[PDB]
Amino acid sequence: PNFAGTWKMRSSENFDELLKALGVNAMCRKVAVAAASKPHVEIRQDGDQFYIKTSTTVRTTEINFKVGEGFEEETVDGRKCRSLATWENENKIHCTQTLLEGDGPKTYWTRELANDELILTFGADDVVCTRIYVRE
């Protein structure tokens, strides 16, 4: 059971389309595609408490949060937001994001276990990027 373990991305869908929906410029988008191709995720779960390490070739980001408690993070394009995760059900976290400064697209992420795969989705207005992870 559980979200915890080491994950390798098996597939990604609609990354470029999501970034365009976020108002990321063409040059950054074009380049950013290659670099994000093969991320490794380490997740620690203790009930509603999470530590998530996301490693690329270029960078590691580490965040902690609790399901049920407001916290702070960045959007996929690195803009500051307040976040709130709840369990949609036993195997799925939905996390709403609200920008701290100004206006921009409505963003969210979700994480889901299905068939012992981790399905990460990012939303930006009507667009949805889907990243599918398997245990390594």
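Just count from 1 along the sequence shown to find any residue number.
Taking only CA atoms, the mean B-factor in the PDB entry is higher for 26-34 than for the other of 91-99 and 26-34. With 37-45 and 70-78 compared on mean CA B-factor from the PDB entry, the stretch scoring higher is 37-45. Per the PDB entry, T57 shows the highest C-alpha temperature factor of the residues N64, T107, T86, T57. Sort the chain's modelled residues by C-alpha temperature factor and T6 lands in the middle third, per the entry. Ranked within its chain, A114 lands in the highest third, by CA B factor from the PDB record.
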